[PDB]
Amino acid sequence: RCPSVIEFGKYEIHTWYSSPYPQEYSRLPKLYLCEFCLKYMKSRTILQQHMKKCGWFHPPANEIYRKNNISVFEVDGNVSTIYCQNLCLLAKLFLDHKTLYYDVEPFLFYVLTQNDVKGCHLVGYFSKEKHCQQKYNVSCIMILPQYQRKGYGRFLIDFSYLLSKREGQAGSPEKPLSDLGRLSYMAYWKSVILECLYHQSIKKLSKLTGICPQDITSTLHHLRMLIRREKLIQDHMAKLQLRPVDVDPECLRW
């Protein structure tokens, strides 16, 4: 409800939840954000004056992944604090609960961009705690509405496990999951398991995949495979081939 709509580059985005934008922006139906620095402003003309002095065309961070027109920037909440606070405020417009927006230091932010001649456009992000005893490989994940349901969410989840695999660890998303988070991960874990079985132990599956034992076990249970169900494997393999956004591990500079 507050705010209700944002203008974000060429996009009008309807918000899902309130976000605690600093007072006088918390009481505004519409916000105008710079698409590259995520600064919030109260009018189109103020945004237009800002685009004239803002020099950013991408996130203020190292690009750790690029393939064709897709990039991932690794942003450190300890270094690019303002930007990461602006990103958390944006994210909260599509999250029912987030931790308070100005403690970003404990996190790294993996920012997804679709790139063209006008720059690297924010699609979404996942955050990740630098030091985490629960071994959560994602704390938060968000794809902007205008890009939702195109495979960007799965790509990011896939990308989160590639980091896990490269740190020599199995990882898991932070719980509680939102309903949308639950559907996304379930959809991801099923397809990874079905595809691996098509192309092939739970501990071995865990090592190849970076998905933790718990999530494999419960996904296997959900599929009543905890035991190969050939019909289900074949049908999924037919569903696939019927993933244009897809992680290539060799494109990782990390």
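Throughout, we count residues from 1 along the sequence that is shown.
In the record comparison, residue 227 is unmodelled in at least a third of the other entries of this protein that model the residues flanking it.
According to the record, 1 to 3 deposited residues between residue 242 and residue 243 are left without atomic coordinates. Gap between residue 200 and residue 201: 4 to 9 deposited residues without coordinates. In this entry, 29-37 has the higher mean Cα B-factor, the comparison being between 29-37 and 211-219. When the C-alpha B-factors of 55-63 and 181-189 are averaged, 55-63 comes out higher. Residue 99 sits in the highest third of its chain by CA B factor, as recorded in the PDB entry. When the CA B factors of the chain's modelled residues are split into thirds, the value for residue 14 lands in the lowest one. When the modelled residues of the chain are ordered by their C-alpha B factor, residue 167 lands in the highest third.
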